[PDB]
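See structure below.
Numbering (our numbering), first residue to last: 31 to 136.
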């Protein structure tokens, strides 16, 4: 079962973690057309690293507009009902053991 990947952002076609999903590893500054996932989840990391993955999603390109932040082990049941369903850009951030969320603007 190679169903999970470590440190990725997975966006599901359907809601409640169903459908196929995509693996995102790095931040995208522009999606044309924007992605319209049903649900989004960040794979759990309890791993000995200092940094855990924290993913940000944006309804506009260049990491602007509406913002959604998801953390390791957490998933959205209905991304579409949460406000925006269309992600125009994605920024990958990291959250250290100190709780600080650092991000790389790619």
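Think of the CB as a built atom: it goes at the ideal place given N, C-alpha and C, for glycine as much as any other residue.
Closer than 8 Å is the cut-off here; do at least three beta carbon pairs connect the region 105-120 with the region 58-72?
Yes, the region 105-120 touches the region 58-72.
With distance defined between alpha-carbon atoms, name the residue in 130, 114, 41 and 108 nearest to residue 73.
The sequence position of residue 73 within the chain shown is 43, counting from 1. Minimum Cα distance to residue 73 is reached at 41.
Quick one: using the 10 Å Cβ neighbour count with 16 as the cut-off for buried, is residue 134 buried or exposed?
In the chain shown, residue 134 corresponds to position 104, counting from 1. Exposed.
Between residue 96 and residue 127, which are expected to be in contact by the criterion C-beta below 8 Å, what is the C-beta distance as a whole number of angstroms?
The count along the chain shown starts at 1 and reaches residue 96 at position 66. The count along the chain shown starts at 1 and reaches residue 127 at position 97. Not quite, the Cβ-Cβ distance comes to about 29 Å (not below 8 Å), so this is no contact.
Measuring alpha carbon to alpha carbon, tell me which of 116, 129, 132 and 48 ends up nearest residue 91.
Taking the first residue of the chain shown as position 1, residue 91 is located at position 61. Nearest option by C-alpha distance: 116.
Using a Cβ-Cβ cutoff of less than 6 Å, which residues in the same chain neighbour residue 52 once the five nearest sequence positions on both sides are dropped?
As a position in the chain shown, residue 52 is number 22, starting the count at 1. These residues qualify, in order along the chain: 41.
Taking just the CA atoms, how far does residue 37 sit from residue 99?
Looking up residue 99 in the chain shown gives position 69. Looking up residue 37 in the chain shown gives position 7. Residue 99 and residue 37: Cα-Cα distance of roughly 15 Å.
Please list the segments of the beta strand (DSSP E) lying wholly inside the region 49-125, counting only runs of 3 or more residues, in order along the chain.
Qualifying beta strand (DSSP E) stretches, in chain order: 51-54, 69-71, 81-90 and 94-101.
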